[PDB]
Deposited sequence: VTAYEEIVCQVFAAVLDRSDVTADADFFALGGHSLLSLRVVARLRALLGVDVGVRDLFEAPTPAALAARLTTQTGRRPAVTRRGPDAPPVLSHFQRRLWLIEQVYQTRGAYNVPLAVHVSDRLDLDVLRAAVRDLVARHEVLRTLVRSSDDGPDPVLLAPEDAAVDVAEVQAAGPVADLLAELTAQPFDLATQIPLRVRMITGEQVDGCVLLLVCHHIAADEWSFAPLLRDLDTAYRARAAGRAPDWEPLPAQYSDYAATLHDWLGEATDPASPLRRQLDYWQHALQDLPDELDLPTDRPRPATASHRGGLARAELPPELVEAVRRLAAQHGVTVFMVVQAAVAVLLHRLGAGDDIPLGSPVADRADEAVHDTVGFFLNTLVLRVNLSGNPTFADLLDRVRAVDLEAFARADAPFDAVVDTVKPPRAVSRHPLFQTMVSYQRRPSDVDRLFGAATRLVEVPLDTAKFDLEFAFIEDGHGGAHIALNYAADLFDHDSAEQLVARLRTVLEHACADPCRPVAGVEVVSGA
């Protein structure tokens, strides 16, 4: 759970009086000492509601270490002969592709504009190095009577897919097209690389497409970092000089599945967290009464669109200050605003919102390539018509309770709650909200001038997905990924504009009833 880390950083900043704090910043190096540690401890006790002492700050002086400390064995690397192991995340992502024709909805794109057209032969060499380094990028998933089995391809046997694509038409729609092309997870590695060139592009656009089975959005930064390292080494005619990974994805999965235990074991973390969710999701609505343009079709298509809401830097700043002043994360403010929006549209007082939560606290995977996002149902109650400030308190309590049981796999939660099912409706929630932060310092990759370009998706995973996305340097926008079966594009533009309006009012006056 990243939220503990963000709150610690928040406290460091207010106590040390700096706008300086990152996940790796040492409290004592930043000007903290034993006396000031009292104020960190006191504030964290009031915001997180757990026993913290100077003890923990001494042992774990960084926000990353402190957050992981006050919340299970460390990931251990297995032997060189170690067979691959699929995490329950990967098994669920494989299962999604069997239940539905997703049309590429579970591919994740990463697109980088480059001022120089890259060398396709060096690029292919660098991708091979990237795949050799990260086993998850060359792990196939084959079906069997049972379910899926991992198949780890040897580096020599991992046929990478790297190609140049000339752009006649515009590149942004071409990016969406390349992103949606399907992976056969049983025969192709879950990574595709395309270099878009053309008379209308200056340099090239480098497109990495992963299947989510091998990458979440936190994988963008190590993917670009490692690919940049391999590219520049191969351009110089040598293999990259790599510090080996502290852990492969299968190491993480084996450790996690061993600690999780079996659901029939009453002392297992799995059963204990499932029992929490069974009670926390009792009497859940099948779905929220949302204003759609078309009824829910019999078959889900995963066709989608993308509507953006721009946020003035003043608004971004006000939202950060509103979060800091109420002791919540920026995500929590966005989540509360989504709940108010659905509430005002007539969804009721019981608002379940799905949200991805990264399981990346262990230092061995904090910055590695893989899929670590569990999906949690964050159940927001809005009865009693409280203020926005009251709702921020409710949302913090709901989220911290939930984040303490973030390891129960979402598919096991569904199996435990047993909601009424329907293929055209995602179970337990149909609206997701998340907070995302794009990589910083990716401006000078591959010896050129580089910048990320966002890819307009033609797919959607739920009815609605709201993402508060920070670019790598202080900018932010809201992206609404909507199901095209249900919403016209103009309806989605209006929804995401209303979300911004709720945020404007909240920062202006959070003592206003919702």
Walk along the deposited sequence from position 1 and note every stretch that has no C-alpha coordinates.
72 to 76, 520 to 528
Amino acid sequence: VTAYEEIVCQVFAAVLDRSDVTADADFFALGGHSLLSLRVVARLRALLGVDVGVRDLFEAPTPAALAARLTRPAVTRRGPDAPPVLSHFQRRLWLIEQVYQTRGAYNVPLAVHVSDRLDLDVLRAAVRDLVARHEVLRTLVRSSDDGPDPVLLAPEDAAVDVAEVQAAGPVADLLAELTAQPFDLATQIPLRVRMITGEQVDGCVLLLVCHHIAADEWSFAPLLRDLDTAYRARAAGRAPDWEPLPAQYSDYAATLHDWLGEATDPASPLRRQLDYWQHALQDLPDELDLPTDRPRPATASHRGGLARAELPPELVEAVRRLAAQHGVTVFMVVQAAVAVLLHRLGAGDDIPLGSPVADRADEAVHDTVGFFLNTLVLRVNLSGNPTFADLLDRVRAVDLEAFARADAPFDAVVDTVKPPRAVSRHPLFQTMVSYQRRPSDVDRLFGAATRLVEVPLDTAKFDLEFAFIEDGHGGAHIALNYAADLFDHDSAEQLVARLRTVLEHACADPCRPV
From here on, numbers count along this sequence of modelled residues.
Check this for me: in at least a third of the other entries compared, is residue 472 absent while its neighbours are modelled?
yes
Please confirm whether residue 79, modelled here, goes without coordinates in at least one third of the other compared entries that cover both its neighbours.
yes
On average, which has the higher Cα B-factor in the deposited entry, 194 to 202 or 178 to 186?
194 to 202
On mean Cα temperature factor in this entry, is 482 to 490 or 469 to 477 the higher one?
469 to 477
Out of 401, 116, 275, 251, whose C-alpha atom has the biggest B factor in the entry?
116
Looking at 303, 77, 344, 92, which has the highest CA B-factor as recorded?
77
Where the record places residue 338 (Cα B-factor, split into thirds across the chain)
lowest
Going by the recorded CA B-factors, say which third of the chain residue 33 sits in, lowest, middle or highest.
highest
Would you please rank residue 44 by its C-alpha temperature factor against the other modelled residues of its chain and give the third it falls in: lowest, middle or highest?
middle
Comparing residue 457 with the other modelled residues of its chain, is its CA B-factor in the lowest, middle or highest third?
middle
Residue 87: CA temperature factor from the record, placed by chain third, in the lowest
